[PDB]
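Below is one structure, written out as structure tokens, with a few remarks after it.
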Amino acid sequence: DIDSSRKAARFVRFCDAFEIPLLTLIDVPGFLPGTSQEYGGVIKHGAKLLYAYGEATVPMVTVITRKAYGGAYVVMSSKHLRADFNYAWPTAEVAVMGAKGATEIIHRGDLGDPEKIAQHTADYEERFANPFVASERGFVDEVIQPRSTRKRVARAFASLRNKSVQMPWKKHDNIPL
Amino acid sequence: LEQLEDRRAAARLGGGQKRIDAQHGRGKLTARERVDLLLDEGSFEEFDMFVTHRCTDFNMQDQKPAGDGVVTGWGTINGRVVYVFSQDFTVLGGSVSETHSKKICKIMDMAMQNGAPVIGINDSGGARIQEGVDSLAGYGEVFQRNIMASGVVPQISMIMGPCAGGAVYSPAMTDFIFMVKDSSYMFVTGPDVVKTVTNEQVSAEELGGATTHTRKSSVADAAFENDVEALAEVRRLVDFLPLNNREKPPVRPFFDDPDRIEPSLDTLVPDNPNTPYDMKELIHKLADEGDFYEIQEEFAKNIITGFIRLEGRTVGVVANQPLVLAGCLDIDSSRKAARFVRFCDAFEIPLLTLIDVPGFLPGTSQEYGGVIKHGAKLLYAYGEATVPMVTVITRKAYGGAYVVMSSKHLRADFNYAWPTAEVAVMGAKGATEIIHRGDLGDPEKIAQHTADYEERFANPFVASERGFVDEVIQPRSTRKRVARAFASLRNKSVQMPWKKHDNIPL
Amino acid sequence: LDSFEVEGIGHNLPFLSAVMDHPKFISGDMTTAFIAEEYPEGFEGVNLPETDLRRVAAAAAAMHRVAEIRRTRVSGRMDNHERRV
Ligand SMILES: *C(=O)CCCC[C@@H]1SC[C@@H]2NC(=O)N[C@@H]21
Ligand SMILES: *C(=O)CCCC[C@@H]1SC[C@@H]2NC(=O)N[C@@H]21
């Protein structure tokens, strides 16, 4: 939400400005709905955290514990923001949106049949709410056993101690305010 | 979920237990087994294990294996991070697809962002035809990466199966190419097309086998006996290399003394000038624990290129071999050393050049073959190089060759000479016939004119009066002279003029 | 003999070692045809007995580790993730 975003956004930038690596633990559903949010400017504040990870060049390791849906999924140090390690728990679910809403969009002429959509959802759920479609794509470097996280992450950072990445030259950024 | 463990173990099976046997049948280890022996025991972290291709043509989508033909990830070699990919021949022939390359690029891109070598284990049937241009593009992104990393992070290629077509061009651009004696091969065009177009009938092994390449084409750096030693020798190699172009050669303990004397050396150069000796004897005695990892041993044998350490640090070495072609420099010896020098320089590895060359190898074959260009490559290499350069002339240093062999005019640091050294424009004989024309009809004049040129110029002292040889030393002390010479150059820093890149002859 | 080191030429050091270990030499029961009787096919090489292979195995194994540990002390290794012999 606006606030959670402004809160993490700055944290990230400070850690990056100062070579401190980032560990991002994910389980986000999406953004918080509301007239309050939109009129409040989430379009801009929401972006801040996104901007932060996009800009960050310290070593970035990620572990999605459960939910990773849509835009928020991308914002949480996704692999598209160039994070280094994108780990996932088996209980992870990365997808465009929830099976339900997904279904209503993909299968319009099928709502008047509460069993079609009840089944259409039961399939999206079974086929997409997990970490494996993202695995086939490479967006999750690996799916790991929860107990080993400490071990996985620790060495992941270890191997990144030498990381060195270059952002294009510029006086400074123009991040939304 | 133990479901995870299942998926995992399912993937690990590759093209299945039946194919795994087939593979083992050819004396070839599996993709994963090769990775297993390459990286520090339990230090491998795999990436993209469940990657599946995105092909839809030719019912390709009914066969979507996990991993899609290549095993990628990272690990360590003696504790140092290394990035790797091993092609899994049992899976769709380890055929290159859009996604198979992507996997390789991921770790190439990671190797570069973190400054760590990339070991490529090629064992592929070639491109995945059904993918069409996507297979081509797949190669493209690897090539590009291969190119950008050239001289930025060491790229060791290991061929352990087939390698055909565009594919060859990748290992082509890496810093080293090792092949496994009988189970491997590589060529741009297949034996069957060589027939239908040349009417020539040749077998894959003949066309591009480990031997053909380690001694005829100039493409491989060594042919290992089998998959196991292949892997073992590669780590050995890695233990010498720096992790990237920023840091300098790695250091480690060394149970040898920088002041060791080899008196045996004092008699290595035979009295008779027509009798060879093995330049390699010297190399071993100078080398630290006598260890000398040779590169392209079986090729251009008239010259030796390899790695050794001194005081536990890596030193590259280029030296002339009297035993072959009388230590002549020739197109191939030139190409062979030239690149070695360039790789060592691009990576801050010092050079020790041991000299005893008579000149270049005469011949229509050489001239029509372009020695003018190839010959220059080595010259170009030493001219460009800025790492520390120590030289020891053991005997012959005549003319052009003399200059090319890390001469002082190429701004080498130490130009040492054994008393048996002879640096001069050309041999006493030829020299005389040019200097004294009107005297040939008097076979005693020229017999005497030569005897004087010989007595006055065939040695290292005229060059010493000039400063070209910083000093003439007692052979036994070479190890001592050279060791501290390098020690004192550890801080060397020299600047070449700014430029996007060089234009060395091709 | 075991410590006599020779390199560069072919020599009989191993052969000598062989006869020194030859029982008949040990028992002294030797004739002037000994050489001809015992080595009719030239020097067929020598091969160690279990308790010998055993001792050697252990030594090589012991030395190998020593050397292997040294490969481990390379500079530039991951701080808390070195190779463990
Ligand atoms: C039950 O599923 C009612 C719909 C709630 C949708 C949830 S609320 C926050 C999440 N982000 C979003 O935009 N919608 C998701
Ligand atoms: C003696 O037999 C005649 C001299 C032969 C010349 C030799 S052959 C290779 C050396 N390089 C060169 O150009 N001349 C030397």
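Numbering starts fresh at 1 for the residues of each chain in the structure tokens, the chains themselves are lettered A, B, ... in the order given, and ligands are numbered from 1 as they appear.
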
task: List all protein, DNA and RNA residues that have at least one atom no more than 7 Å from any atom of ligand 2, counting only C-alpha atoms and all ligand atoms, and write them as a list in words.
output: residues 328, 358, 359, 360, 361 and 362 of chain B

What does the list of residues within 10 Å of ligand 1 look like if you count only C-alpha atoms and all ligand atoms, written as a PDB file with C-alpha atoms, in the first residue's frame?
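pocket.pdb was written with the following content:
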```pdb
ATOM      1  CA  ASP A   1       0.000   0.000   0.000  1.00  0.00           C
ATOM      2  CA  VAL A  28       2.025 -10.588  -1.084  1.00  0.00           C
ATOM      3  CA  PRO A  29      -1.540 -10.912  -2.517  1.00  0.00           C
ATOM      4  CA  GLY A  30      -1.476  -7.670  -4.504  1.00  0.00           C
ATOM      5  CA  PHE A  31      -2.008  -4.052  -3.535  1.00  0.00           C
ATOM      6  CA  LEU A  32      -4.628  -2.771  -1.081  1.00  0.00           C
ATOM      7  CA  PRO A  33      -7.824  -1.754  -3.045  1.00  0.00           C
ATOM      8  CA  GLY A  34      -9.604   1.496  -2.387  1.00  0.00           C
ATOM      9  CA  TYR A  69       0.466 -12.329  -7.511  1.00  0.00           C
ATOM     10  CA  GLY A  70       0.687  -9.846 -10.348  1.00  0.00           C
ATOM     11  CA  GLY A  71       2.180  -6.328 -10.194  1.00  0.00           C
ATOM     12  CA  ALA A  72       3.144  -6.780  -6.541  1.00  0.00           C
ATOM     13  CA  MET A  97      -3.903 -12.984 -10.369  1.00  0.00           C
ATOM     14  CA  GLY A  98      -5.919 -15.393  -8.281  1.00  0.00           C
ATOM     15  CA  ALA A  99      -7.435 -18.391  -9.999  1.00  0.00           C
ATOM     16  CA  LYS A 100     -10.920 -16.965  -9.417  1.00  0.00           C
ATOM     17  CA  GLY A 101     -10.551 -13.537 -10.959  1.00  0.00           C
TER      18      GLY A 101
END
```

field: Contact residues (chain C, partner chain B, 10 Å, only C-alpha atoms) as a PyMOL selection string
entry: chain C and resi 68-85

query: For chain A against chain B, which residues fall within 12 Å using only C-alpha atoms, given as a PyMOL selection string?
result: chain A and resi 57-59+79+82-92+130-147+151-153+155-166

Just list the residues in stretch 398-481 of chain B DSSP gives strand (DSSP E) on the backbone, as a PDB file with C-alpha atoms, in the first residue's frame.
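Resulting contents of result.pdb:
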```
ATOM      1  CA  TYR B 398      69.200 -14.415 -34.474  1.00  0.00           C
ATOM      2  CA  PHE B 414      64.608  -8.440 -17.701  1.00  0.00           C
ATOM      3  CA  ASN B 415      66.663  -9.610 -20.599  1.00  0.00           C
ATOM      4  CA  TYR B 416      68.999 -12.278 -19.167  1.00  0.00           C
ATOM      5  CA  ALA B 417      71.444 -14.336 -21.175  1.00  0.00           C
ATOM      6  CA  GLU B 422      74.511 -15.655 -29.436  1.00  0.00           C
ATOM      7  CA  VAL B 423      72.495 -12.663 -30.477  1.00  0.00           C
ATOM      8  CA  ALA B 424      73.162 -11.336 -33.976  1.00  0.00           C
ATOM      9  CA  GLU B 471      72.954  -9.344 -17.692  1.00  0.00           C
ATOM     10  CA  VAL B 472      74.669 -12.604 -18.626  1.00  0.00           C
TER      11      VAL B 472
END
```

task: With a distance cut-off of 12 Å and only C-alpha atoms, select the neighbouring residues of residue A:176, excluding the residue or stretch itself and same-chain residues fewer than 4 positions from it, and output the selection as number ranges by chain.
output: A: 6, 9, 41-52

task: Enumerate, as a count of residues only, the complete set of residues in stretch 19-74 of chain C that a backbone-based DSSP assignment places in helix (DSSP H, G or I).
output: 35

- request: For atom CA of residue B:473 and atom CA of residue B:314, determine how far apart the two atoms are, in Å to one decimal place.
  value: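 Answer for the atom CA of residue B:473 to atom CA of residue B:314 separation: 23.5 Å.
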
task: Find the residues near residue B:428: any atom within 7 Å, counting only C-alpha atoms, skip ones fewer than 6 places away on the same chain, and give them as a list in words.
output: residues 450, 453 and 454 of chain B

- prompt: Near residue A:76, within 8 Å and counting only C-alpha atoms, which residues show up once chain neighbours fewer than 2 positions away are dropped, as a ChimeraX atom specification?
  reply: /A:24,26,50,53,72-74,78

message: Report as a list in words all protein, DNA and RNA residues lying within 12 Å of residue A:14, evaluated on only C-alpha atoms, omitting residues in the same chain fewer than 3 positions from it.
response: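 Listed by chain and then number, they are residues 7, 8, 9, 10, 11, 17, 18, 19, 20, 21, 22, 52, 53, 55, 56, 57 and 58 of chain A.
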
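Distance-wise, atom CA of residue B:321 and atom CA of residue B:256 end up 25.9 Å apart.
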
- line: Using only C-alpha atoms, the shortest atom-to-atom distance to chain C among A:154, A:124, A:148, A:172 belongs to A:154
